[PDB]
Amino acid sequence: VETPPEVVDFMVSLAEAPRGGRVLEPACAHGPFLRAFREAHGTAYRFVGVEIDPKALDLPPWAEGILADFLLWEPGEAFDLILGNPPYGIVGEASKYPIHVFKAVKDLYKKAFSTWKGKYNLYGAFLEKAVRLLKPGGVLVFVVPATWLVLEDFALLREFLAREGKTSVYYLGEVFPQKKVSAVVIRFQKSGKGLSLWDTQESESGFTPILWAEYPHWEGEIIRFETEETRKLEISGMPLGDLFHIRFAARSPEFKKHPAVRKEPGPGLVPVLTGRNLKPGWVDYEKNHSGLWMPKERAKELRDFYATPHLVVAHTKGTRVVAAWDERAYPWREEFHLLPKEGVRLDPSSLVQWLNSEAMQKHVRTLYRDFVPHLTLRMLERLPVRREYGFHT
């Protein structure tokens, strides 16, 4: 991976270190950040780079090169400035995940990192590691995916950062050519507290940061681009999640194992539905995208709630709210399934038209832009609903 020059130059403008200060680049390869910071701020620092691949490591002689897994690396002294672009990726089995390490190494990661949660990500580990290796008052400048702002895998990371110092987040979006990742820059300083959220505008040479909002009391809550529009909507309405039990569909292997599930259409078999069957305001009951068929009346053996018509909301159509009422009660292999809480009664058509409204599409795009290519549970449960828009107690 190459970090585009304008991205590097932006990060370097946010980078500060005392003269004589220790300046580290994790996962450095040839050390573009060390080169760039030296170019900009001068020669009077101790430059250090850590690189796991002896073939990749190629620092200039003025910098100390270290052959090490940065995540397991225990240097003698902490650092004044840490900058770079860590590896992004989930550590898992090669058939599904891009990061492949010997099980014992992954075990060491889980052991070393307090923020490690769920499948997690190499970049979350690099972020926590960077903070633990920082002197008080020390500065971190990383470019990472936006996903940590909102995702549950990084809930510990956000809490960690919020208690460890002060955090500035700069949204860049999709800045890496021929590479599908919405990026942010994090400038973290190991002192003080609070979050600052910034937008950016692209310049000829770098990025111009524009302050969006401040949260001096941030404790690790999800990070969103809130406006007066999004705030009014939320305070005026009820959150969807106070009205509904929200579940996800049974997964592919759960259908695979089921003794009445077939790979072929036939007598008394209904398609197992996917996200492609879910449409704004309706369901495609015909087309099969799963490769799986089963008897409709046996669906409830996977999930109880497949037995009754209920609200289905999309998960993988980007940051959007695509909802339908499944009136036929089919087996689903995908999507959110929302079942009314005790005492909650619904008007399915009003609720579906409200959730599919352009007003709603705007609301979620404002808040979550393109951090993730999903509508997540965290987003969905916070969708505001008024009783006129299809619920009563």
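Rigid core here is just the name for the largest C-alpha set that superposes within 1.5 Å across the two forms. Residues carry their position along the shown sequence, with the first being 1.
Take 242-250 and 200-208, fit the other structures onto the shown form by the rigid core, and average the C-alpha distances in 6 other deposited structures of this protein: the farther stretch is 200-208. Stretch 340-348 is the one, of 25-33 and 340-348, whose CA positions lie farther from the shown form in 6 other deposited structures of this protein once all structures are superposed by the rigid core. Between 329-337 and 346-354, it is 346-354 that carries the larger average Cα temperature factor according to the deposited entry. Taking the PDB entry as given, 106-114 carries the higher mean Cα B factor of the two stretches 246-254 and 106-114. In the deposited coordinates, the residue among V184, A125, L233, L197 with the greatest CA B-factor is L233. When the C-alpha B factors of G165, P87, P239, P145 are read from the deposited coordinates, the top value falls at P239.
Remark: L24 belongs to the lowest third of its chain, ranked by C-alpha B-factor as recorded. When the modelled residues of the chain are ordered by their C-alpha B factor, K287 lands in the highest third. Per-chain ranking of the deposited C-alpha B factor places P373 in the lowest third. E229: CA B factor lies in the highest third for its chain, per the PDB record. Per the deposited record, the Cα B-factor of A44 falls in the highest third when ranked against the other modelled residues of its chain.
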